[PDB]
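We're numbering straight along the sequence, starting at 1. All values below were derived from every heavy atom in this structure, side-chain atoms included, with hydrogens, water molecules and symmetry-related copies excluded.
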Amino acid sequence: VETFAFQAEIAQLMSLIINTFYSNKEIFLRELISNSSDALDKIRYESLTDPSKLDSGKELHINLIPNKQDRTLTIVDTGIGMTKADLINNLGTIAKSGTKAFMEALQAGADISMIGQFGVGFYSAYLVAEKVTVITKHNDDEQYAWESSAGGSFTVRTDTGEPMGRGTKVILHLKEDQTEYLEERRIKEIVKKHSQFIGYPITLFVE
Ligand SMILES: Cc1c2c(n3c1CCCNC[C@H](C)Nc1cc-3ccc1C(N)=O)CC(C)(C)CC2=O
């Protein structure tokens, strides 16, 4: 298990998301589904040039899996996945400019729901989750688990859970007062409202 410090800008962003009063938390789901859709677009594109990139799985889809016993909402996709380098440095480095611009936009009158326009929508997960675990598998790398409860650090470890083949699983460990997002009716409502036209099958599991 390796422990890393967040880039200073990202720590700032996470604190803003966690501390700012903002009732429209439901937009987190849209942002995570968007991330999945982007990752699916990417593997679909790459597979046109190299069809063997789907040897790790041909199905391109998104699953939403609520678990009331564990108080987790999981977003699973069979997208391109992320390498160790992506998890630790690449995506966070890129997120620096997006974070800066976002925080500047907020100072100018924008609101937290616009986070996606700045490429850092993933962090909206902290609107509803006390901890986020990201399990991911990219064709060119091993399966890893990234994890953070904020507070300025994250961890990365090789994952010894069930093999995924290819893709990403975002496990939201929900805050005690955000359990509405485990309810079938509520998830259905949010998907229909914000994610109606995603170009991949979204299956809402039931309990
Ligand atoms: C900016 C960002 C970040 C993450 N994703 C993106 C968003 C940046 C663009 N996403 C492309 C990659 C391939 N896919 C994804 C990336 C992210 C989340 C989910 C997916 C996912 N569901 O595949 C996750 C980590 C843990 C690296 C932290 C972070 O800074």
Original post:
Any side-chain donor paired with an acceptor under 3.5 Å for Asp141 and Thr83?
Top reply: no
Subject >> Heavy atoms from other residues, nucleotides or ligands near CD of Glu176 exceed 12 (cutoff 6.0 Å) >> reply: no
Original post:
When rounded to the nearest 0.5 angstrom, what distance separates CG in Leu127 from CG in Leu29?
Top reply: 12.0 Å
Subject >> Cluster overlap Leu204 with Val128, hydrophobic side-chain contacts below 4.5 Å >> reply: yes
**OP:** For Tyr22, look at atom OH and say whether over 12 heavy atoms of other residues, nucleotides or ligands are found less than 6.0 Å away.
**Re:** yes
Original post:
Minimum heavy-atom separation for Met14 to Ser148, with atom names?
Top reply: CE-OG, 4.1 Å
Original post:
Quick one: do the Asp41 and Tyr200 side chains pair a donor with an acceptor below 3.5 Å?
Top reply: yes
Original post:
So, for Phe102 and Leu13, which heavy atoms are closest and what is the spacing to 0.1 Å?
Top reply: CD2-CD1, 3.6 Å
Subject >> Note, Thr78 side chain near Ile43 side chain (heavy atom, < 4.5 Å) >> reply: no
**OP:** Could you walk me through whether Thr155 and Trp146 pass side chain to side chain contact (heavy atoms under 4.5 Å, CB included), step by step?
**Re:** CA-CA 6 Å; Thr155 63; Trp146 173 105; over 6 Å; no
Subject >> Stepwise salt bridge (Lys or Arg N to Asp or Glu O under 4.0 Å) test for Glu46 and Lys53 >> reply: CA-CA 7 Å; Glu46 288 195 2; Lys53 291 188 174 181; 2.9 Å; yes
Original post:
Can you find a side-chain donor-acceptor pair between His138 and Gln143 that sits under 3.5 Å?
Top reply: no
Original post:
Are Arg186 and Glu180 close enough for a salt bridge, meaning some N to O gap below 4.0 Å?
Top reply: yes
Subject >> Mutual orientation of the aromatic rings belonging to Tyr123 and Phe6 [parallel < 30°, tilted 30-60°, perpendicular > 60°] >> reply: perpendicular
**OP:** Keeping the roles fixed (side chain from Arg157, backbone from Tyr144), state whether a donor-acceptor pair exists under 3.5 Å.
**Re:** no
Subject >> Check: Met114 and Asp111 side chains under 4.5 Å, non-hydrogen atoms >> reply: yes
Subject >> In one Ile/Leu/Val/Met/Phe/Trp/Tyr side-chain cluster, 4.5 Å: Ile65, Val170 >> reply: no
**OP:** Please examine the side chains of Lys169 and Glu162, heavy atoms only from C-beta on, and report whether any two atoms are closer than 4.5 Å.
**Re:** yes
**OP:** Flag the pair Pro201 / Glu59 as yes when at least one side-chain heavy-atom distance between them is below 4.5 Å, and no otherwise.
**Re:** no
**OP:** Let me see the working for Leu40 and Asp38 under side chain to side chain contact (heavy atoms under 4.5 Å, CB included), right down to the final yes or no.
**Re:** CA-CA 5 Å; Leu40 286 156; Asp38 287 355; over 6 Å; no
Subject >> Check: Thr20 and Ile112 side chains under 4.5 Å, non-hydrogen atoms >> reply: yes
Original post:
What are the two closest heavy atoms between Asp86 and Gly81, and how far apart are they?
Top reply: OD2-O, 4.5 Å
Subject >> is_close_aromatic(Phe28, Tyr181), centroid dist under 6.0 Å >> reply: yes
Original post:
Rounded to the nearest 0.5 Å, what separation is found between the CG atom of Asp159 and the CD1 atom of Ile135?
Top reply: 4.5 Å
Original post:
Same cluster or not: are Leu172 and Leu87 linked, directly or through other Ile, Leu, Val, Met, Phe, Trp or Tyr residues, by side-chain heavy atoms under 4.5 angstrom apart?
Top reply: yes
**OP:** Please round to the nearest 0.5 Å and tell me the distance separating atom CD of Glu147 and atom OG1 of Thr3.
**Re:** 10.5 Å
Subject >> Joint hydrophobic cluster, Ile171 plus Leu32, side-chain heavy atoms closer than 4.5 Å >> reply: no
**OP:** Taking all heavy atoms of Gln7 and all of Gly92, pick out the closest pair and write down the distance.
**Re:** CG-O, 4.3 Å
Original post:
Judged by atom type as modelled, is there a donor-acceptor pair below 3.5 Å linking the side chain of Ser15 to the main-chain atoms of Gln12?
Top reply: no
**OP:** Answer yes when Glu183 and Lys68 have at least one side-chain N-carboxylate O distance shorter than 4.0 Å, and no when they do not.
**Re:** yes
Original post:
So if you build clusters from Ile, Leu, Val, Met, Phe, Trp, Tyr with side-chain heavy-atom gaps below 4.5 Å, do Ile33 and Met164 land together?
Top reply: no
Original post:
Between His173 and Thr133, is any side-chain donor less than 3.5 angstrom from a side-chain acceptor?
Top reply: yes
Subject >> Minimum side-chain heavy-atom gap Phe4-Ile88 below 4.5 Å >> reply: yes
Original post:
Would you say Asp77's side chain and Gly79's backbone share a donor-acceptor pair under 3.5 angstrom?
Top reply: yes
Subject >> Test item: side-chain donor near acceptor, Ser56 and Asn139, under 3.5 Å >> reply: yes
Subject >> Electrostatic pair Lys188:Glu184 at N-O distance under 4.0 angstrom >> reply: yes
Original post:
Could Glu9 and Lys100 be called an ion pair, given the rule that one side-chain N must be under 4.0 Å from one carboxylate O?
Top reply: no
Original post:
Quick one: are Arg71 and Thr179 in side-chain contact, heavy atoms under 4.5 Å?
Top reply: yes
Subject >> Considering all heavy atoms, the nearest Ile18-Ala150 contact >> reply: CD1-CB, 3.6 Å
Subject >> Side chain proximity check, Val134 to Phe122, heavy atoms < 4.5 angstrom >> reply: yes
Subject >> Derivation of the side chain to side chain contact (heavy atoms under 4.5 Å, CB included) call for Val132 and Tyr126 >> reply: CA-CA 8 Å; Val132 177; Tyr126 293 87; 3.6 Å; yes
Original post:
Got a second to check how far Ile187's CD1 is from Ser195's OG, nearest 0.5 Å?
Top reply: 12.0 Å
Original post:
Looking at CZ of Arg30 and CD1 of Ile115, how far apart are the two atoms once the value is rounded to the nearest 0.5 Å?
Top reply: 10.0 Å
Original post:
Under the side chain to side chain contact (heavy atoms under 4.5 Å, CB included) criterion, do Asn67 and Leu73 qualify, and how do the steps go?
Top reply: CA-CA 6 Å; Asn67 187 308; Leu73 176 63; over 6 Å; no
Subject >> Heavy-atom pair of closest approach, residues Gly165 and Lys137 >> reply: O-CG, 3.5 Å
**OP:** Would you give the length of the straight line joining atom OG of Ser37 to atom CD1 of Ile202, rounded to the nearest 0.5 angstrom?
**Re:** 8.0 Å
